[PDB]
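Overview (structure and organization)
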Amino acid sequence: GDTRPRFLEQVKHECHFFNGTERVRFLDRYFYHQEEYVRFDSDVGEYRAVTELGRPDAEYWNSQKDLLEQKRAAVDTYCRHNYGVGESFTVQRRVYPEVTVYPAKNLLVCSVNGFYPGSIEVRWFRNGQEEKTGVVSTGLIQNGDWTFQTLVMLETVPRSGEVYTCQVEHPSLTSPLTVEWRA
Amino acid sequence: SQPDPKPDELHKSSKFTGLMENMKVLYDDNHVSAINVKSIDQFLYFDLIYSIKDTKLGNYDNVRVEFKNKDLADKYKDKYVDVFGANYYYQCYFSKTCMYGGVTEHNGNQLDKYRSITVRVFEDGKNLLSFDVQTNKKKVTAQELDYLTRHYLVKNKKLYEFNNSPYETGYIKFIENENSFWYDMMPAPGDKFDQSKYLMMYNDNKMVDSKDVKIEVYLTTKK
Amino acid sequence: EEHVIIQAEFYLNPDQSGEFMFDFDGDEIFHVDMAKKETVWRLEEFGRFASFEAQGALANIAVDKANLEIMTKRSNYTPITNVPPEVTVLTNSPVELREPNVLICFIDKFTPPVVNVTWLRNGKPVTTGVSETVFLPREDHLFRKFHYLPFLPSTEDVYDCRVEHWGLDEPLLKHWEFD
Amino acid sequence: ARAXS
């Protein structure tokens, strides 16, 4: 459509948590288009110019004491505070997946659907034994609705009287999910 | 046009716990007012920014006017307009003071003498006070009229005292032959009052003809 | 298991539009509606367990604009290089006839965060039953967006997700049908 | 939620 130049300013305040809140890290990042020009890292304590465009802001911001204090407290006042408020339904959110096995579209496909979080382990079994052979997976698709999806198929020429299994481990389940489909 | 209200639709002053001064200040003396001004900039696509110089007390210099959508911001963008409305400072942000609507085309929208709009005040279904408010614009915003009426009422009727209001529920309605709309003149239940959100009702830049509009204020004293 | 919460925002000139949103591990918790000054939760339930003073976000956007001014001038008006989107359309689950599903249009890896998306069923529009996400940030600082269309599969119907972006030199139609 | 430019 247009061609009239666009100017984009991006800002990102990141809270990285490790083992719950045992190790919080705050990043205050500013970008010009896709370019990060300056950033504050909690494990560093001050502003660092990421590119020469940020040199001016870093030298000035880092001289303000009230502002620095505030960014330094952020891991507590901001990161930890917010974690405790949303953990109730973000970190602890769990939706079991719906597993489906169908011949294919000879590929025996295994479709694990509508689950959350991301942690997932899907294995295929040839008559009881695992198959790390010819297993193409479509990574881990994100649906944009706090739901994930992934397809993992088995490349094979099925014989008669042979059980094929798809095991699915997932935080939302106590026992592993299993879908057996022989032939 | 709009349905007349029913007793339970209106908020009751006796439910608002917070300080009432916060509504009071939106309607006594200080308010935004500029004759023949022009948008100098914008913050977001649904607002126009004006450079309204003040030497009365000078609580601000730059005013942000927000509208319901982009159509309106574009209508009045590069035009000389008359500005008038209730402003707030609390959470006004832009890159002083903020307001909604209140703009009006300048040229043509004038007349040398002031017209008088009648205001019959009904305290508990009874007409105990009738008065006039003036305006020199062919087409006025409901907001300018609303402010004028209430400003009169807080000084002569104590509409909004510092703590609460000598009235339970209250509402101002405008009448124009076919059409007739009203606004809930009382704060919503709560320990606090969000001036920004309340003033947002004036964001559709509603206008009326200064020759046909009649105003009516209905109040119910707390019994 | 590392977890990450990010407060993402942006301001775009000359469109004069911005965004303010919270992200948890790549998903949107909510974003702020600048015009209504209300906080729109990605999921209805989220508002039951939390809240956010939606208006404070304007302060951030107001400064982000201020800085774009400064920043756009220190670089001597170097505009942004467009990056057309990679569009994909897959089903929300395995497809079965007369069995209700949801079509999704994954628009990803692109900038600026401006785009026109239209769903077409049998070559014509569908302005009902559709929803969409705002622009989600990417690890590389580009964006992704989701558009959705609830539907009843059938050989009888064919669909197109049409996308217009400035990086493209012509609208894009990613197809989806039942073979 | 508390907000942190």
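Residues numbered from 1 in each chain as written, not as in the entry; some residues may be left out. Chains lettered and ligands numbered in written order. Heavy atoms only, no water. Residues with missing side-chain atoms left out of burial classes, pairs and counts.

The deposited coordinates, according to the entry record, derive from X-ray crystallography at 2.45 Å resolution.

Rules: UniProt positions are given in the numbering used here, feature names are shortened, and annotations may be inferred rather than shown by experiment.
The name the PDB entry gives chain C is HLA CLASS II HISTOCOMPATIBILITY ANTIGEN, with Homo sapiens as the organism. According to its PDB record, this entry is titled "X-RAY CRYSTAL STRUCTURE OF HLA-DR4 COMPLEXED WITH DIPEPTIDE MIMETIC AND SEB". Looking at chain C in UniProt, the text filed under Sequence similarities is "Belongs to the MHC class II family."

The name that the PDB entry assigns to chain A is HLA CLASS II HISTOCOMPATIBILITY ANTIGEN, with the source organism given as Homo sapiens.

Some words on the sheet that holds strand β8 (residues 124–125) of chain C
What holds strands together in a sheet is hydrogen bonding between their backbones, with the strands either parallel or antiparallel. Residues and elements named next belong to chain C. The following threshold applies: For two strands to be treated as a pair, DSSP must find no fewer than two bridges joining them. Secondary structure elements follow DSSP: runs of H or I no shorter than four residues count as helices, runs of E no shorter than two count as strands, and numbering proceeds from the N terminus.
With antiparallel pairing, the 4 strands of this open sheet are ordered in space as β8-β7-β12-β13. Each end of this open sheet is capped by a strand with a single partner; those strands are β8 and β13 (172–176). Bridge count between strand β7 (residues 116–121) and strand β12 (residues 159–164): 6 bridges; the pairing is antiparallel. Its bridge partner lying in β12, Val 117 is registered against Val 163.

Details of the interface of chain C and chain A
The following threshold applies: Only heavy atoms matter for contacts: two residues are in contact if any of them lie within 4.5 Å across the pair. Buried area: the accessible area, evaluated with a 1.4 Å probe, that two parts lose upon being put together, summed over both parts. In the sections that follow, a salt bridge refers to a side-chain nitrogen of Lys or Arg positioned within 4 Å of a carboxyl oxygen of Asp or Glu. We call two N or O atoms a polar contact when they sit within 3.5 Å, provided that within protein one can donate a hydrogen and the other can accept it, with sequence-adjacent residues counted only if both atoms are side-chain atoms. Throughout, the ten residues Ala, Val, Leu, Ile, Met, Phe, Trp, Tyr, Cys and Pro are labelled nonpolar, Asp, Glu, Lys and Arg are labelled charged, and all others, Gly among them, are labelled polar.
If you look at the interface, chain C gives 57 residues, while chain A gives 48 residues. Buried area between chain C and chain A, both sides added, is near 4,800 Å², and the carbon and sulfur share of it is 59%. On the chain C side of the interface with chain A, the three residues burying the most area are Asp 27, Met 71 and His 141 of chain C, jointly 14% of the side's total. Connecting chain C to chain A are 2 salt bridges. Across the salt bridge formed by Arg 74 of chain C and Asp 57 of chain A, the nearest N and O atoms sit 2.7 Å from each other. Counting the contacts that link chain C with chain A gives 25 residue pairs in polar contact. For the side of chain C that touches chain A, the secondary structure elements donating two or more residues are β1 (2–13), β2 (17–24), β3 (27–33), α1 (46–49), α2 (56–74), β5 (86–91), β6 (101–110) and β11 (143–151) of chain C. Here the side of chain C that touches chain A gets 12 residues from one element, more than from any other, and that element is β1 of chain C. Looking at the side of chain C that touches chain A residue by residue, the classes come out as 31 nonpolar, 14 polar and 12 charged.

Details of the arrangement of the chains
Take the 4 pairs of chains in contact: the one carrying the most contacts is chains A and C. There is no contact between chain A and chain B; across them, the least C-alpha separation is 14 Å.

What to know about the domain arrangement of chain C
All names here are of chain C. To keep things clear, this is the line we draw: For each domain, the first and last residues come from an automatic or database assignment.
Once the domains are mapped, chain C shows domain 1 (1–79) and domain 2 (80–179). Of note, the centres of domain 1 and domain 2, computed from C-alpha atoms alone, are 23 Å apart. With 12 residues of domain 1 in contact, the opposing surface of domain 2 contributes 14 residues. Contact between domain 1 and domain 2 buries roughly 960 Å² in total, counting both sides, with carbon and sulfur atoms accounting for 64%. At the junction of domain 1 and domain 2, the tally comes to 0 salt bridges. At the junction of domain 1 with domain 2, the criterion picks out 3 residue pairs in polar contact. Looking at the side of domain 1 that touches domain 2, the elements that each hand over two or more residues are β1, β2 and β3. For the side of domain 1 that touches domain 2, the element with the highest residue contribution is β1, accounting for 3 residues.

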